[PDB]
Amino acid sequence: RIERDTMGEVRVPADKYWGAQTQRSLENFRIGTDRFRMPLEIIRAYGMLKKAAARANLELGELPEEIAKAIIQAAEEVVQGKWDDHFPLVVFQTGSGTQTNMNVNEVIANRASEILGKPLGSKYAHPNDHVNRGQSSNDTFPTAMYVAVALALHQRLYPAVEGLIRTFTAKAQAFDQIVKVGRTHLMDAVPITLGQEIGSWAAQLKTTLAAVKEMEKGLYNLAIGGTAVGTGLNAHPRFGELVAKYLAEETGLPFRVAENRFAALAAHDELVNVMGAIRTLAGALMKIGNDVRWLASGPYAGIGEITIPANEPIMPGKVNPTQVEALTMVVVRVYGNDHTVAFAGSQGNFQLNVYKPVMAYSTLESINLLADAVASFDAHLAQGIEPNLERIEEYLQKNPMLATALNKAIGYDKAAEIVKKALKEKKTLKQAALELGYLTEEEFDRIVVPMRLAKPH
């Protein structure tokens, strides 16, 4: 079809619901078109915002009853993802996300007009005067992105991490009776149990996940209502308040208007902190991932104290740790995303930080990739972790760390000799102690109890 405005006539695909402005933008912004389409999470959140906005304005007498109801309906459709294919703009547009705001306004306006029995392009429901009433791209984009990130955390990241925590916790309980060598500086230290080792991974995830959930609270403070620079000019005094209330009712999260609307436009420090906590979580996943591949290294020239499930339905102990590699590659990508967000966050100027799209994009990318990788790592590796009892035992029984009990039982002299023999002849302390006649294969087991070292209290 052909839409007409004071700027001229533009041709838009007859099946598309965006308007002339979006069509022009689609033809002008060509940076990263293939991989950087504006995240749909932002679009869905924008739908929620526009829906709450129509309701607020209607209630405050800023919009005609019928037109408002049509907008509310059209907006809800966007939220339900019925118009995802009508948003073709990239992340690399204006630093205020103006193009996407107008894309949202045009699609919802045209659909609203259609609902009201008007052909697309009529603007019966005006994109700017109605759908964008009392709003600016300046305050609505950051509002939409804060909501998008908060929802993405609950929808994808938390379920994935909480799932892996449950898996590790289950494995930790199941293997808590298996005593093994503990290592510090990568060197043989003292005994621990495989359950204690795996439990530490679960603990790191609980600790880092808790921090993400705490930082998440900063996202509850929205810029909505401050309009262009934070003064709220052109918006009803209660517009922001109501929009926040409705967003909170729809999401179940305690959203509210930021105590200071100026800072909510000039910076996005709350988002920076959320990304930072996600980065720390990623760091813990790298630590855990590496522990896993090192413990599974082998079959014979590594550590090999645990085995991981085959990558494709190669015997146990010879499986390449593919899930660790995919996970850690995601982790290094996440650290880079954090760098991008924090760097951008320090670059605001006066009344508006103009790096909003990329800050939102890199944070969402991190959330989605981590959610994908954690879920994959969990289902395809973590859940199938098993101990290699033979390897664990061989290391423990032949290690000097078990000589402790001997020193008090038969004196250091004899114990030291037993250890020296075992190491020299590559035998277990029990075997050496037997070939020396210092202790029977019976007395040894009564004096040397590995679990007493791993659980000394």
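Residue positions are given as counts along the sequence shown, with the first one as 1.
- Coordinates are absent for 1 to 3 residues of the deposited sequence placed between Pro313 and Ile314.
- Between 50 to 58 and 415 to 423, it is 415 to 423 that carries the larger average Cα temperature factor according to the deposited entry.
- Comparing 444 to 452 with 430 to 438, the stretch with the higher mean C-alpha B-factor in the PDB entry is 430 to 438.
- The PDB entry gives the largest Cα B-factor of the residues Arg183, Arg279, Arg261, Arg238 to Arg238.
- Within the selection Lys118, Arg156, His268, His130, the deposited Cα B-factor values reach their highest point at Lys118.
- The deposited CA B-factor of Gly218 belongs to the lowest third of values across its chain.
- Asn101: CA B factor in the middle third of modelled residues in this chain (values from the PDB entry).
- When the modelled residues of the chain are ordered by C-alpha B-factor, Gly81 sits in the highest third.
- For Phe255, the recorded CA temperature factor ranks within the middle third of the chain's modelled residues.
- For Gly225, the recorded CA temperature factor ranks within the middle third of the chain's modelled residues.
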